[PDB]
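*Asks:* Provided herewith: run.tsv, TSV, C-alpha atoms and all ligand atoms.
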chain	number	residue	atom	x	y	z
G	1	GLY	CA	-9.72	45.43	10.13
G	2	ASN	CA	-9.29	41.70	10.75
G	3	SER	CA	-6.50	39.19	10.16
G	4	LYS	CA	-7.46	36.90	7.29
G	5	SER	CA	-6.13	33.36	6.74
G	6	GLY	CA	-7.96	31.94	3.71
G	7	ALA	CA	-10.54	29.67	5.32
G	8	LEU	CA	-7.65	27.36	6.15
G	9	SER	CA	-4.35	27.49	7.92
G	10	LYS	CA	-4.85	26.22	11.43
G	11	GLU	CA	-6.51	23.01	10.29
G	12	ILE	CA	-3.68	22.22	7.92
G	13	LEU	CA	-0.73	23.33	9.96
G	14	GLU	CA	-2.21	20.97	12.49
G	15	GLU	CA	-0.43	18.48	10.27
G	16	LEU	CA	2.94	20.12	11.11
G	17	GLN	CA	3.74	16.78	12.74
G	18	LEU	CA	3.63	14.54	9.68
G	19	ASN	CA	5.82	16.07	6.97
G	20	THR	CA	7.24	19.57	7.27
G	21	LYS	CA	5.14	21.95	5.20
G	22	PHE	CA	7.29	23.95	2.78
G	23	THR	CA	6.42	27.05	4.74
G	24	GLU	CA	3.41	27.90	6.85
G	25	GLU	CA	3.48	31.14	4.88
G	26	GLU	CA	3.13	29.18	1.65
G	27	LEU	CA	-0.36	27.70	1.73
G	28	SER	CA	-1.34	31.20	2.77
G	29	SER	CA	-1.09	33.20	-0.44
G	30	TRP	CA	-1.68	30.00	-2.37
G	31	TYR	CA	-5.30	30.06	-1.22
G	32	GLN	CA	-6.20	33.37	-2.82
G	33	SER	CA	-4.23	32.74	-6.00
G	34	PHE	CA	-6.65	29.89	-6.48
G	35	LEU	CA	-9.71	31.96	-5.73
G	36	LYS	CA	-8.59	34.03	-8.68
G	37	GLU	CA	-8.62	31.13	-11.14
G	38	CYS	CA	-12.31	31.09	-10.26
G	39	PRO	CA	-14.33	32.98	-7.61
G	40	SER	CA	-15.74	29.56	-6.69
G	41	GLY	CA	-14.61	27.34	-3.82
G	42	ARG	CA	-14.52	23.76	-5.16
G	43	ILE	CA	-12.07	22.20	-7.60
G	44	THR	CA	-13.59	19.85	-10.17
G	45	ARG	CA	-12.01	16.58	-11.27
G	46	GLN	CA	-11.89	17.40	-14.97
G	47	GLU	CA	-9.97	20.58	-14.23
G	48	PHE	CA	-7.64	18.82	-11.82
G	49	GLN	CA	-5.41	17.87	-14.74
G	50	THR	CA	-5.40	21.48	-15.93
G	51	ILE	CA	-2.93	22.13	-13.13
G	52	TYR	CA	-0.35	19.39	-13.66
G	53	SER	CA	0.25	21.24	-16.92
G	54	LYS	CA	2.27	23.79	-14.97
G	55	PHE	CA	4.84	21.47	-13.41
G	56	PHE	CA	4.98	19.03	-16.34
G	57	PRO	CA	4.29	20.75	-19.66
G	58	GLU	CA	6.52	18.12	-21.28
G	59	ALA	CA	5.01	14.64	-21.06
G	60	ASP	CA	1.30	14.01	-20.66
G	61	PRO	CA	0.64	13.32	-17.00
G	62	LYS	CA	-2.99	13.81	-17.96
G	63	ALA	CA	-3.66	10.11	-17.47
G	64	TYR	CA	-2.04	10.03	-14.04
G	65	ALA	CA	-3.48	13.39	-13.01
G	66	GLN	CA	-7.01	12.02	-12.90
G	67	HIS	CA	-5.86	9.20	-10.64
G	68	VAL	CA	-4.56	11.51	-7.92
G	69	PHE	CA	-8.13	12.73	-7.52
G	70	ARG	CA	-10.22	9.80	-6.41
G	71	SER	CA	-7.06	9.15	-4.43
G	72	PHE	CA	-8.34	11.46	-1.70
G	73	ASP	CA	-11.32	13.32	-3.17
G	74	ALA	CA	-13.67	10.48	-2.31
G	75	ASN	CA	-14.18	11.59	1.25
G	76	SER	CA	-17.91	11.92	0.61
G	77	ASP	CA	-17.47	15.22	-1.20
G	78	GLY	CA	-17.23	15.09	-4.99
G	79	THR	CA	-14.85	18.07	-5.12
G	80	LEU	CA	-11.29	18.79	-4.00
G	81	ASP	CA	-10.99	21.48	-1.34
G	82	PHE	CA	-7.89	23.62	-0.86
G	83	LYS	CA	-7.26	22.03	2.53
G	84	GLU	CA	-6.98	18.48	1.22
G	85	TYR	CA	-5.32	19.84	-1.91
G	86	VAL	CA	-2.20	21.08	-0.17
G	87	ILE	CA	-1.91	17.68	1.47
G	88	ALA	CA	-1.72	15.80	-1.83
G	89	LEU	CA	0.19	18.51	-3.67
G	90	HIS	CA	2.84	18.59	-0.95
G	91	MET	CA	2.77	14.83	-0.46
G	92	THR	CA	4.25	14.21	-3.89
G	93	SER	CA	7.33	15.85	-2.39
G	94	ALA	CA	8.04	17.79	0.80
G	95	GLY	CA	10.84	15.25	1.15
G	96	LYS	CA	10.54	12.14	3.35
G	97	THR	CA	10.22	12.74	7.09
G	98	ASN	CA	8.58	10.47	9.67
G	99	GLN	CA	5.51	8.30	9.18
G	100	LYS	CA	3.51	9.76	6.28
G	101	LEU	CA	3.94	8.00	2.94
G	102	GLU	CA	0.58	6.39	3.68
G	103	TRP	CA	-1.09	8.66	1.14
G	104	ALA	CA	0.66	6.59	-1.51
G	105	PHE	CA	-1.44	3.45	-1.00
G	106	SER	CA	-4.36	5.79	-1.64
G	107	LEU	CA	-3.46	6.84	-5.17
G	108	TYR	CA	-2.50	3.32	-6.17
G	109	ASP	CA	-5.74	1.95	-4.74
G	110	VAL	CA	-7.95	3.66	-7.30
G	111	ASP	CA	-11.06	1.62	-6.51
G	112	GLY	CA	-10.15	1.58	-2.82
G	113	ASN	CA	-10.58	-1.96	-1.48
G	114	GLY	CA	-8.13	-1.86	1.43
G	115	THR	CA	-6.05	-4.03	-0.87
G	116	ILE	CA	-4.39	-3.53	-4.24
G	117	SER	CA	-4.65	-5.96	-7.15
G	118	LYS	CA	-3.19	-6.46	-10.62
G	119	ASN	CA	-5.99	-4.46	-12.23
G	120	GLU	CA	-5.54	-1.20	-10.34
G	121	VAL	CA	-1.79	-1.64	-10.59
G	122	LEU	CA	-2.23	-1.85	-14.34
G	123	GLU	CA	-4.11	1.43	-14.69
G	124	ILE	CA	-1.75	3.54	-12.63
G	125	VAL	CA	1.08	1.68	-14.36
G	126	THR	CA	-0.02	2.57	-17.88
G	127	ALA	CA	-0.84	6.11	-16.82
G	128	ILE	CA	2.60	6.55	-15.32
G	129	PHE	CA	3.98	5.41	-18.66
G	130	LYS	CA	2.35	8.35	-20.39
G	131	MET	CA	4.14	10.71	-18.03
G	132	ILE	CA	7.41	9.06	-19.10
G	133	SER	CA	8.89	10.42	-22.30
G	134	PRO	CA	9.90	8.17	-25.20
G	135	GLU	CA	13.38	9.61	-25.17
G	136	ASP	CA	13.61	8.42	-21.57
G	137	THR	CA	11.58	5.26	-22.11
G	138	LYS	CA	14.70	3.77	-23.65
G	139	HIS	CA	16.57	3.98	-20.36
G	140	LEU	CA	14.34	1.65	-18.37
G	141	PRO	CA	15.04	-2.08	-18.84
G	142	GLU	CA	13.43	-3.44	-22.00
G	143	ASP	CA	12.16	-6.28	-19.84
G	144	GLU	CA	9.28	-3.89	-19.25
G	145	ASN	CA	8.83	-1.58	-22.22
G	146	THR	CA	5.06	-1.95	-21.89
G	147	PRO	CA	2.45	-1.73	-19.12
G	148	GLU	CA	1.67	-5.40	-19.65
G	149	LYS	CA	5.34	-6.34	-19.57
G	150	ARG	CA	6.10	-4.31	-16.45
G	151	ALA	CA	3.22	-5.53	-14.32
G	152	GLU	CA	5.49	-8.50	-13.93
G	153	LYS	CA	8.38	-6.38	-12.71
G	154	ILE	CA	6.45	-4.52	-10.02
G	155	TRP	CA	4.18	-7.35	-8.95
G	156	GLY	CA	7.28	-9.52	-9.15
G	157	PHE	CA	9.21	-7.26	-6.78
G	158	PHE	CA	6.67	-7.64	-4.00
G	159	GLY	CA	5.93	-11.35	-4.42
G	160	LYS	CA	2.27	-12.14	-3.73
G	161	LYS	CA	0.81	-15.66	-3.57
G	162	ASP	CA	-1.76	-16.76	-0.99
G	163	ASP	CA	-3.05	-13.25	-0.36
G	164	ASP	CA	-2.64	-11.91	-3.89
G	165	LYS	CA	-3.78	-8.51	-2.54
G	166	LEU	CA	-1.27	-6.00	-1.23
G	167	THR	CA	-2.52	-4.22	1.87
G	168	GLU	CA	-1.71	-0.65	2.87
G	169	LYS	CA	0.24	-2.03	5.83
G	170	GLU	CA	2.98	-3.63	3.74
G	171	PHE	CA	2.61	-1.22	0.84
G	172	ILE	CA	4.73	0.92	3.10
G	173	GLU	CA	7.31	-1.69	4.05
G	174	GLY	CA	7.50	-3.56	0.75
G	175	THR	CA	8.87	-0.22	-0.36
G	176	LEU	CA	11.10	0.49	2.65
G	177	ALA	CA	13.05	-2.62	1.68
G	178	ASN	CA	15.10	-1.78	-1.39
G	179	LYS	CA	15.18	2.00	-1.68
G	180	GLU	CA	15.56	1.18	-5.36
G	181	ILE	CA	11.93	0.10	-5.43
G	182	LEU	CA	10.04	3.35	-4.99
G	183	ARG	CA	12.14	4.38	-7.99
G	184	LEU	CA	10.09	2.16	-10.29
G	185	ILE	CA	6.54	2.74	-9.15
G	186	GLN	CA	7.82	6.23	-8.45
G	187	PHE	CA	5.34	9.06	-8.92
G	188	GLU	CA	6.80	12.35	-10.10
G	201	LIG	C1	-9.24	46.16	7.88
G	201	LIG	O1	-8.84	47.23	8.30
G	201	LIG	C2	-9.25	45.86	6.38
G	201	LIG	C3	-8.37	44.64	6.10
G	201	LIG	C4	-6.90	45.07	6.13
G	201	LIG	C5	-6.03	43.91	5.62
G	201	LIG	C6	-4.56	44.25	5.87
G	201	LIG	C7	-3.77	44.02	4.58
G	201	LIG	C8	-4.00	45.21	3.64
G	201	LIG	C9	-2.93	45.19	2.54
G	201	LIG	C10	-3.33	44.16	1.47
G	201	LIG	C11	-2.41	44.32	0.26
G	201	LIG	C12	-0.96	44.08	0.69
G	201	LIG	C13	-0.11	43.77	-0.55
G	201	LIG	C14	1.32	43.47	-0.11
G	202	CA	CA	-12.58	16.17	-1.41
G	203	CA	CA	-8.24	-2.05	-4.47
Write out the structure in this file as structure tokens.
*Replies:*
Amino acid sequence: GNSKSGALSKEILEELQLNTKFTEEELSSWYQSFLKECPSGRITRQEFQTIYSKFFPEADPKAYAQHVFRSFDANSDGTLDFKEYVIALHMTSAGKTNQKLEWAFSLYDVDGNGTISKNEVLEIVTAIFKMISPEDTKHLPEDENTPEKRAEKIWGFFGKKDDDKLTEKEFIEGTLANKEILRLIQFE
């Protein structure tokens, strides 16, 4: 006797501006389908990787799947809600519109220090390697067949010296430069 939404729909669509949601009618039935996986209401971090197994049953994005969590599930919560979930899930795609793209400096900044360093870059770098398949690992330049050998390619592309800490401000431009950059540190 009442129109249901799923505890979320008007708060998210509010984002209609940044990035064009696949379809306002998408995150609608997607809310219940989740309630079925568990009559709960909070997604854990250990089970977060249990999902990536649907869109990538090939490689083992299990190492990079745990990084996308603290990426935005640190908002003083401890659990990922469906609202913030659609944001990240659709961010890894939904094409490239205006603004946005800022959520990227969030997944790469694991610790979250307003600035990225070689360490964090190393973790996400090695993890991303797992997602890559050996059969395809032969395509990338051998000058970086290992996480320790590539850190020089990525960090070398940007070019840090005095302020050896990449900020979220440039993290967006340093990439807007050569469209062939985001291809390396690419994420899915
Ligand atoms: C109020 O009268 C009860 C809630 C009515 C909800 C309307 C939708 C009912 C149909 C749900 C199943 C539809 C499957 C396509
Ligand atoms: Ca959260
Ligand atoms: Ca940091």
*Asks:* Throw together the list of residues within 7 Å of ligand LIG 201 (chain G), counting only C-alpha atoms and all ligand atoms, and drop it here as a ChimeraX atom specification.
*Replies:* /G:1-3
*Asks:* Go ahead and save the picked residues with C-alpha atoms, as a PDB file, keeping the file's coordinate frame.
*Replies:*
ATOM      1  CA  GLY G   1      -9.720  45.430  10.130  1.00  0.00           C
ATOM      2  CA  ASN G   2      -9.290  41.700  10.750  1.00  0.00           C
ATOM      3  CA  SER G   3      -6.500  39.190  10.160  1.00  0.00           C
TER       4      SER G   3
END
*Asks:* To one decimal place in Å, what is the distance between CA of residue 165 in chain G and CA of residue 111 in chain G?
*Replies:*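 Atom-to-atom, CA of residue 165 in chain G and CA of residue 111 in chain G are spaced 13.1 Å apart.
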*Asks:* Residues within 9 Å of ligand CA 203 (chain G) (only C-alpha atoms and all ligand atoms), as number ranges by chain?
*Replies:* G: 108-117, 119-121, 165-167
*Asks:* Can you list, as a compact mmCIF listing (two decimals) with C-alpha atoms, in the coordinates of the input, every protein, DNA or RNA residue that comes within 12 Å of residue 95 in chain G when you count all atoms listed in the file, leaving out same-chain residues fewer than 3 positions away?
*Replies:*
# COMPACT_ATOMS: atom_id res chain seq x y z
CA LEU G 18 3.63 14.54 9.68
CA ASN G 19 5.82 16.07 6.97
CA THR G 20 7.24 19.57 7.27
CA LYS G 21 5.14 21.95 5.20
CA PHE G 22 7.29 23.95 2.78
CA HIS G 90 2.84 18.59 -0.95
CA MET G 91 2.77 14.83 -0.46
CA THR G 92 4.25 14.21 -3.89
CA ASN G 98 8.58 10.47 9.67
CA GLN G 99 5.51 8.30 9.18
CA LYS G 100 3.51 9.76 6.28
CA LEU G 101 3.94 8.00 2.94
*Asks:* Find the residues around range 132-143 of chain G up to 12 Å (only C-alpha atoms counted), leave out those fewer than 3 positions away in its own chain, and share them as a PyMOL selection string.
*Replies:* chain G and resi 56-64+125-129+146-154+183-188
*Asks:* Collect all residues with atoms no farther than 6 Å from ligand CA 202 (chain G), counting only C-alpha atoms and all ligand atoms, and output them as a ChimeraX atom specification.
*Replies:* /G:73-75,77-81
*Asks:* Determine, counting only C-alpha atoms, which protein, DNA and RNA residues have an atom within 12 Å of an atom of residue 27 in chain G; residues of the same chain fewer than 2 positions away are not included. Present the result as a count of residues only.
*Replies:* 28
*Asks:* Can you measure CA of residue 155 in chain G to CA of residue 94 in chain G for me? One decimal in Å is fine.
*Replies:*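 Taking CA of residue 155 in chain G and CA of residue 94 in chain G, their separation equals 27.2 Å.
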*Asks:* With 8 Å added on each side, what axis-aligned box encloses every listed atom of range 39-43 of chain G? Give the centre and edge lengths in Å to one decimal, as AutoDock Vina command-line options.
*Replies:*
--center_x -13.9 --center_y 27.6 --center_z -5.7 --size_x 19.7 --size_y 26.8 --size_z 19.8
*Asks:* For residue 176 in chain G, which of G:69, G:163, G:49, G:96 is the closest residue, counting only C-alpha atoms?
*Replies:* G:96
*Asks:* Tell me, as a PyMOL selection string, which residues lie within 9 Å of residue 172 in chain G, counting all atoms listed in the file; anything in the same chain fewer than 6 positions away does not count.
*Replies:* chain G and resi 101-102+104-105
